[PDB]
Structure formats: structure tokens, C-alpha cells
Amino acid sequence: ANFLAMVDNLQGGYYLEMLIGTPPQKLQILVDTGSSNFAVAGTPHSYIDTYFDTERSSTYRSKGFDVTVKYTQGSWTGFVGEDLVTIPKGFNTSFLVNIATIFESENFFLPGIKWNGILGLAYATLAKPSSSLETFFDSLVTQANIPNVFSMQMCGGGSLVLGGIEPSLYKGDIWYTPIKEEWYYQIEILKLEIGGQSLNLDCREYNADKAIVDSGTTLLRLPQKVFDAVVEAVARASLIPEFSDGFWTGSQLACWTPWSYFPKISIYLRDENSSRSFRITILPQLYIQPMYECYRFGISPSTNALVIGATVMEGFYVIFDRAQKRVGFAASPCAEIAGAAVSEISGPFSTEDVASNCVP
Amino acid sequence: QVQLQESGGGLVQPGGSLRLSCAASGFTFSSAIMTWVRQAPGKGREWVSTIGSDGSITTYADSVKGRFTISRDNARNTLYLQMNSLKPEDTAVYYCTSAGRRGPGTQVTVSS
Ligand SMILES: CN1C(=O)C[C@@](C)(c2cccc(NC(=O)c3ccc(OCC(F)(F)F)cn3)c2)N=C1N
């Protein structure tokens, strides 16, 4: 690989241009660290330009079985095949991968999205129909001779660096937190802090369902109890009363013709040395999201997981280091509005007052 | 299971040849992309060859193109690599791999 060629390979969610088959067909593919399937539109469908026509690729081969994926707000079904893929911005060769071509979907291609397939970059264990459907990144690692690492920067284009870390995409040090389970990119959250004030929740509350780093989720999603605790704390810490209940639950916009008023939100993560922790911090600019200028709240409740989505990933260079079973973080120099950093990272802080494992 | 087991290696002279096998189990072999890779001590891992599940699509590293042929027998759950015109730089543990799993590998030495 050539990592310097990978800088600025993302557009838009955030998507990568990929060429599938012979002759190549160009698709726009969402980068999703929260699933494990390479799946693309296989038929015309409302709210997409393009789709992969398997009949037009001379190298395509059908596996002769289908796959159905169900998530919480929807689903898709596709034929499973294999074909040759090129990534024009990164590698000069093509690779043989598994592919799912979607021929029906329930609530999956929604209006206004600009991708037409998904690239799941998580672990084999999440792959469907099963974990023996070799994931896109497992293929690339083996065939492209690259390290078992990738890293992401989103500038809210962006960068997906397959097979390493690009030094020009960060300043300061990278902080590494252990991967706790290799399915999603599950990490250990030790504490949430608002305006400098810690919530008073048992740290198990933060990992209760599970805390994961997911680029295929837009918002910071928090378990109900944790979400209530945050909203109360942001309300409590903002200079003037600005927000209706409607704003907090995404059901209303907040408008001005307004930023010193709202607090920073910090997430504490266990270092590789479990006695130490580091903090990733977002400023109101990242969670008070521009849509008179109106804004939507960047955080929403979750039943199933604590999801470190784009709201947070936008501030950091995130390094998914599968080879050493850790997820790394550094501040993104691109994450700046009107001259100011919209995120920070600091450490170390002692974990001596926290349970030595916060995951139930 | 995925369980993979390579065999067929040995000590061979320059210009010689070997036929490697990889016996698979614990997954549907006739459904899986299969890959050979190699690593020699003190060197990075090097991709050798990949084959699609039906066997009709094959790709090769430039360093082996023309001298090695990958193939498979789905009914026998076996992957093969026919190695010809072997040279000293082909020395390595050859591993077969699928879905992020690998077998323990087989030793190939090419020498006088
Ligand atoms: C959360 N999630 C799922 O529920 C299932 C799956 C397949 C999925 C399915 C359908 C859509 C999506 N995600 C998106 O469409 C999306 C859109 C924008 C996103 O970020 C854009 C921005 F950060 F705000 F700029 C991220 N994801 C993910 N992947 C996931 N990670």
C-alpha cells in the first residue's frame, strides 16, 4: 500500500469510491466499523444513482445462496458472490473479495444518502451468514501484504488509511485503549464528565449493554439512564436556559440569528496500563449540530449499546489496531471551526478509584 | 473449525518442485475463497496466490506467476499449490488461510 495516496480518499455519512468487477463499476461505499459485510445495491431503488450489475461483470461468481441482515430500524437481503475489487486511491492492484448484492431492503436506502453500499470493517464474528464469510479487510490484509491495522479521520471529506497510520493526520500523541471483545470494536468506558463534573453512575452503566466505536452510527448514542444523566448535567451547566425537552429528545431544533454557554463532554478510557486512563473531550460545536441557524442535539438514547458514533469520531484520528487488540485516539488537526479546536485529548489520570474492570 | 492443515513441504534443490495440500474442515469449503501465503524468518509475510470458491478465478503474486498453480478439490475439501522451478528465494513456511484463520503451515526449503 501507499498511505500518502489514501489521504482525502473519503467524501460526504462518509464514503469511499470503489471499483467492482471487470470492466470496473464505480460505487460509493459507506465506511462502517460497526458491521462486517461488504454489501452493495444490486437493483435500481429509490434514493440511489447507481448499483452493481453482476450481469455486467465478467469476473463475478455467484455462491448460489442469499443473505439477510436485520438491524433495529431495518434490514436487507442480497445474493452472495465474489468478485475483483480495486481501491483507486491506495492500491494499484485488485483483490478477490466476497460481496452481497442487495435485491430487497426494508428501510435501508433512505432519502438524501449518497452511498450505495456498505463496507463493514469489524470482525469476522459479526459477518453474515456466518463468520466464515471472509470479511473485506481480512481479504485485503492477506492479499495486499498490509499490516492488520486501519485508521480513520473524518473532517465535518476525510481519510481511511488501510494498513497503517498516516503521520500527517494528527499532532500530539496517540492514546491506546484495549479492545475488550473482538466483535464490534468494544472498549472500556470508565467515566463520563460534563463541564468538568463527573456523573455519579456506577461505571458498569457505561458498558452495560456495551461501548463500541462505530463509524456507521451518526450520533453519540447512550443508554437511557446514562442519557438522562447527561441531559440533566448539560441543562444544569449551561449559562442560560436555552433548550426545550423537545431539543433533548431530537424532536426540536434550537435557533439563533451562541457557544460559550455550553459545557465540554469528556469520555474516560482505560489505557493499556490499567492503572491509567485518558480522556477524549468534545466541545459543544461537535454535539450542538448545525442543520437564523438551527441546531440538532448530537446525542440520542439507546436501548442496545453505548455507541461512539461520528458526533465523536469527527474530533479524532481513530486507529483500529486489530493486530495489537487496541483502538487508538489522537486529536484531529482538521477538527476546527472559527480558529478553535472542537475536541481535545488528555492524560494520564489515575484509575485507582474506579473498579479494575467496568464491563459486566 | 475453521480448521486448516498444510502438508507437502520438504527440502528441495533449485529448479525442483513440490505439491502442497491444505486439508480444511469445520466450515463449508466449497463456499470459501482460499489463499496461500508465505513467510521466511526475518522477512514480512508475502501473499502467494488466491482462488475463488468455484476455482475459476485465480490470482498470483508477480514473484510466482508462471511457476506456481493454485487449485482446489471442493469434494475433497482440499486446497493445492503446485510449485515448479523452485529457487532459493522461495524458502518459507507456506500457510493456507481463509476468513482470518490460518493452518500451522508447511516448510519449504530450496537449496544446494
Ligand atoms: C449502526 N449500524 C446499523 O444499525 C447497521 C449498519 C449496517 C447500517 C445500516 C444502515 C445505515 C447505517 N449508517 C448510515 O447510514 C450512516 C450515515 C451517516 C453516518 O455518519 C455521517 C456523519 F458523521 F454525520 F457525517 C454514519 N452512518 C449503518 N451499520 C451500523 N454501524
Side-chain angles (χ1 to χ4, degrees), chain A residues 1 21-22 36-38 57-67 79-86 91-100 120-148 163-164 182-183 322-323, chain B residues 1-4 6 22 24-40 42-65 68 70-72 74-75 77 79 81 89 92-103 105:
Chain A
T22 317
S36 298
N37 279 77
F38 187 29
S57 166
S58 70
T59 49
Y60 176 84
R61 297 289 182 273
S62 165
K63 284 193 207 270
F65 62 76
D66 293 342
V67 72
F79 306 108
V80 192
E82 300 154 16
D83 206 340
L84 299 169
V85 174
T86 309
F91 310 82
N92 68 55
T93 159
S94 77
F95 316 103
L96 189 57
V97 309
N98 291 309
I99 190 162
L121 286 175
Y123 290 97
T125 184
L126 297 176
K128 295 287 162 192
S130 82
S131 76
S132 84
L133 197 85
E134 174 168 302
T135 62
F136 180 97
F137 189 77
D138 283 318
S139 302
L140 191 82
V141 160
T142 307
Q143 302 175 42
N145 296 331
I146 52 157
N148 185 21
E182 294 156 310
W183 53 329
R322 301 145 62 84
Chain B
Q1 57 309 301
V2 181
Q3 193 86 354
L4 299 163
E6 304 80 1
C22 186
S25 60
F27 69 107
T28 310
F29 182 79
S30 66
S31 253
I33 294 161
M34 296 296 297
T35 287
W36 287 101
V37 333
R38 61 179 184 199
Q39 182 163 17
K43 297 221 89 201
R45 145 187 55 94
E46 177 188 20
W47 169 68
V48 172
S49 189
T50 295
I51 193 172
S53 59
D54 84 348
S56 60
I57 301 299
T58 67
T59 55
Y60 293 100
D62 278 324
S63 64
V64 308
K65 190 169 272 88
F68 301 4
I70 195 168
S71 66
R72 69 196 290 156
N74 285 343
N77 297 302
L79 179 71
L81 184 68
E89 315 68 55
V93 176
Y94 283 69
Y95 304 80
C96 110
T97 176
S98 183
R101 296 98 154 152
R102 62 143 127 192

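All chains are named by letter (A, B, ...) in the order of the sequence lines, taking the proteins before the strands, and each is independently numbered beginning at 1.
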- Item | CZ-CZ distance between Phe65(A) and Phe79(A), expressed to the nearest 0.5 angstrom | 13.0 Å
- Query: Could you state the interatomic distance from OG (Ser71(B)) to CG (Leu79(B)), rounded to the nearest 0.5 Å?
  - Reply: 7.5 Å
- Query: Hey, does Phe27(B) have a side-chain heavy atom less than 4.5 Å from the side chain of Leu4(B)?
  - Reply: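 The answer is yes; the side chains approach within 4.5 Å.
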- Side-chain heavy-atom pair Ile99(A), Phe38(A) within 4.5 angstrom cut-off: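 They are in contact (side-chain heavy atoms under 4.5 Å apart), so the answer is yes.
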- Residue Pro129(A) versus chain B: region with a heavy atom under 4.5 Å: neither
- Item | Contact origin within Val80(A) toward chain B - heavy atom pairs under 4.5 Å |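 For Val80(A), no heavy atom lies under 4.5 Å from chain B.
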Cross-chain donor-acceptor list, chain B and chain A, 3.5 Å limit, no angles:
| residue | atom | partner | partner atom | Å |
| --- | --- | --- | --- | --- |
| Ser31(B) | O | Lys63(A) | NZ | 2.8 |
| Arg45(B) | NH1 | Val141(A) | O | 2.8 |
| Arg45(B) | NH2 | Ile146(A) | O | 3.1 |
| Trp47(B) | N | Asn145(A) | OD1 | 2.8 |
| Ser53(B) | N | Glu82(A) | OE1 | 3.1 |
| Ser53(B) | N | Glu82(A) | OE2 | 3.4 |
| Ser53(B) | OG | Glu82(A) | OE2 | 2.5 |
| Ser56(B) | OG | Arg61(A) | NE | 2.9 |
| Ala99(B) | N | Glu134(A) | OE1 | 2.8 |
| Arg101(B) | NH1 | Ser131(A) | O | 2.9 |
| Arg101(B) | NH2 | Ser131(A) | OG | 2.9 |

- With chain A, the option among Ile51(B), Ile33(B), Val48(B) that has the most non-hydrogen atom pairs under 4.5 Å is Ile33(B)
- Item | Under the ring-ring contact (aromatic ring centres under 6.0 Å, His included) test, residues paired with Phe137(A) that sit two or more places apart |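 Only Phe150(A) meet the ring-ring contact (aromatic ring centres under 6.0 Å, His included) criterion with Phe137(A).
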